[PDB]
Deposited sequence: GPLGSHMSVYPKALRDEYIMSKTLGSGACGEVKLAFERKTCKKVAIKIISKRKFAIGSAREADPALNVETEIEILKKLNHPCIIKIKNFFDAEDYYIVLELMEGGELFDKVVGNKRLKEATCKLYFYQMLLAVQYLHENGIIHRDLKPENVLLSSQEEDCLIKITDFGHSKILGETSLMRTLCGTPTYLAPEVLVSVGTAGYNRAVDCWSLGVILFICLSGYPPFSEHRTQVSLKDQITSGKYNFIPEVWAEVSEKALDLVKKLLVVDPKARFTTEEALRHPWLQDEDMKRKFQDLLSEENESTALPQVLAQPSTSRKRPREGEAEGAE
């Protein structure tokens, strides 16, 4: 059974673990994610969602800690990006750009605020409508990390410090680059309709494909895609973290210098804002 306090504010409905629900007070739709009982993972997500404010990041509305873990969130009527790309379906380029531009803004915002998502994938990207022109929002912060001890060790004399810690200094502070990898893989999929790394018709093991950075390239498929779009993917799927493109570098790429796309984004953003916006002092 659902906890009494939950039933008191919401009418639970169909499964979408995530199910649709209505807010009694307003009769509005909400999404409620359910997690059986890892307090820290849930605690981290709750901690993160409360403090964040960004159009391309999903908002928490309520939370209940009972027999299970119930998390109330905005409902995105478009569902998961995953459903758009599954089974070799491919989005048209301009649609990829509009979605990805928003994905970058979101992850940039996260990174600027010392948060690393660590689990970006099409099922964690939500669409705000059934229209293909729409707003996207990132979700699912269970696996996120918040940004130390190395800093603390460096302030002291390393008389007794093991050498592997000193060496590790050279690579520290590039954790957020993992998100940029996942982004590149998402963009590859969106643009082509198939994964860059897979155990389909290949002798090389998935791990080996990824570590070597040798994604499966199929000309026929990519022939329909621009060289700018592919270029950006090539810059995100860089094996070396230091060299890999950051969100900022991505947002400066010539593929995202598309004044139409940005305009259409402002529009969709404005429409969502309207009906939620108080009159302005002028």
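Novice: For this chain, which runs of the deposited sequence have no C-alpha coordinates, given in order from the N-terminus?
Specialist: Missing CA coords at 1 to 8, 25 to 30, 52 to 63, 174 to 175, 311 to 329.
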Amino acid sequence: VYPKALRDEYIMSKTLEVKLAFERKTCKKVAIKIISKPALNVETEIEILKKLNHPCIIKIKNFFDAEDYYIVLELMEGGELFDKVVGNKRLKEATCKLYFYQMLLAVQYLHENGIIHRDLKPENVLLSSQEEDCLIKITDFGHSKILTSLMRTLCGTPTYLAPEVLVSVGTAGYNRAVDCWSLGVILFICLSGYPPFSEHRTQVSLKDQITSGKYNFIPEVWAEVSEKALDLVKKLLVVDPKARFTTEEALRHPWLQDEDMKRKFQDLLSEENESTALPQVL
From here on, numbers count along this sequence of modelled residues.
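We call the rigid core whatever largest set of C-alpha positions still superposes within 1.5 Å between the two forms.
Novice: Core-aligned, which moves more in 8 other deposited structures of this protein: 235 to 243 or 42 to 50, by CA RMS?
Specialist: Most displaced of the pair in 8 other deposited structures of this protein: 42 to 50.
Novice: Which of the two stretches, 155 to 163 versus 124 to 132, has its Cα atoms farther on average from this form in 8 other deposited structures of this protein when everything is superposed by the rigid core?
Specialist: After the core superposition, the stretch with higher RMS deviation in 8 other deposited structures of this protein is 155 to 163.
Novice: Could you settle it for me: does 153 to 161 or 171 to 179 have the higher average Cα B factor in the PDB entry?
Specialist: Mean CA B-factor is higher for 153 to 161.
Novice: Per the record, averaged over C-alpha atoms, which has the higher B-factor: 209 to 217 or 59 to 67?
Specialist: Stretch with the greater average CA B-factor: 59 to 67.
Novice: Of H200, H111, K137, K145, which one's C-alpha B factor is largest in the deposited record?
Specialist: Of the options given, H200 has the highest CA B-factor in the PDB entry.
Novice: When the deposited Cα B-factors of this chain's modelled residues are ordered and cut into thirds, is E227 in the lowest, the middle or the highest one?
Specialist: As the PDB entry reports it, the C-alpha B-factor of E227 lands in the middle third of its chain.
Novice: Can you tell me whether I35 has a C-alpha B-factor in the lowest, middle or highest third compared with the other modelled residues of the same chain?
Specialist: For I35, whose C-alpha B-factor we compare with every modelled residue in the chain, the answer is the highest third.
Novice: Taking only the Cα B-factors deposited for this chain, tell me whether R90 sits in the lowest, middle or highest third.
Specialist: Highest third of the chain for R90's C-alpha B-factor.
Novice: Could you place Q102 in the lowest, middle or highest third of its chain by Cα temperature factor, using the values in the record?
Specialist: For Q102, whose C-alpha B-factor we compare with every modelled residue in the chain, the answer is the lowest third.
Novice: Quick check for you: using the entry's CA B-factors within this chain, is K51 in the lowest, middle or highest third?
Specialist: Answer is highest: the recorded C-alpha B-factor places it there.
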